[PDB]
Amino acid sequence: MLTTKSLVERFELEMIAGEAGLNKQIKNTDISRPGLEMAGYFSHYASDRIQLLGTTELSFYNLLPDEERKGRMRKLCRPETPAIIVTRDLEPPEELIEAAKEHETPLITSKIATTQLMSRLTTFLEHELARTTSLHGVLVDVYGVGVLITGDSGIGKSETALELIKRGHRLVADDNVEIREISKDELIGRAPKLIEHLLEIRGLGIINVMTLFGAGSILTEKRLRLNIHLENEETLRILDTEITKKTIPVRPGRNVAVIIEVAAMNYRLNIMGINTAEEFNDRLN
């Protein structure tokens, strides 16, 4: 499971005490700012979240009489609390360091503004606790657009991806695609480490695009944005997010790769708010 040790490693956080508590789990992405706790109000809710002590919390705490503040830092270090981070380069109170050691609660110092750090921490947490799955298809980057090509076996997915590569686009994954929903509506795809840089074509066998075309033809990971479904305003649902989908009929008399290129171009255009299907719908009136 995800533990504070992973957090400290990703951001190279400065540990001050509570090293024995680095094996504590971080169950959610939510973050807590225990201001009310500084005033003596404690509760179970949010106790298992990372706690951030910034100017708001410490400016109040430091105005407390010693007899009133007594035990509040200790009560903050509950067993389930994965970490307490003193932000804005503030000095952690001696009582807190003491409590962190006694209760083995990871205590960290950060020089970052509280709000900014909170955003960075939660983003990492969402990335780590990302729902994951795998999909059959080919992931390619076309004009900066992550395109997932799907369709029945033999339809020409890998052959079309090869032509796209030949045309200057990048391969991310062939056959199987590992997908991670690292945040709301953000799907990141990558090839299994085993078939990285590989593309298999009936008749030719397995080829290495990196070896054949160089570094400019590959990309380790890419956010999915467009599903091109090859077949003999729709969408494709993957996990909890839906991405634009275009179903292109395959028949002689056309270059599927070109269609995909234009679909990616049209997509970026639509993203800018420009939609030709509407432009004409109005021109008709």
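In case it trips you up, residue 1 is the first one in the sequence shown, and so on.
The entry models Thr55 and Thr56 with no unmodelled deposited residue separating them.
Just going by the entry, 274-282 versus 2-10 on mean CA temperature factor gives the higher value to 274-282. With 140-148 and 186-194 compared on mean CA B-factor from the PDB entry, the stretch scoring higher is 186-194. Which of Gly168, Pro79, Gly214, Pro106 has the largest Cα B-factor in the deposited entry comes down to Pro79. As recorded in the PDB entry, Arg251 shows the highest C-alpha B-factor of the residues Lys246, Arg225, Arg251, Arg33. Among the modelled residues of the chain, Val86 sits in the lowest third by CA temperature factor in this PDB entry. The deposited CA B-factor of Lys157 belongs to the lowest third of values across its chain. Among all modelled residues in this chain, the alpha-carbon of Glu37 has a temperature factor (C-alpha) in the lowest third. The entry lists a Cα temperature factor for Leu164 that places it in the lowest third of the chain's modelled residues.
Placement of the Cα temperature factor of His229 within the chain: lowest third of the modelled residues, per the deposited record.
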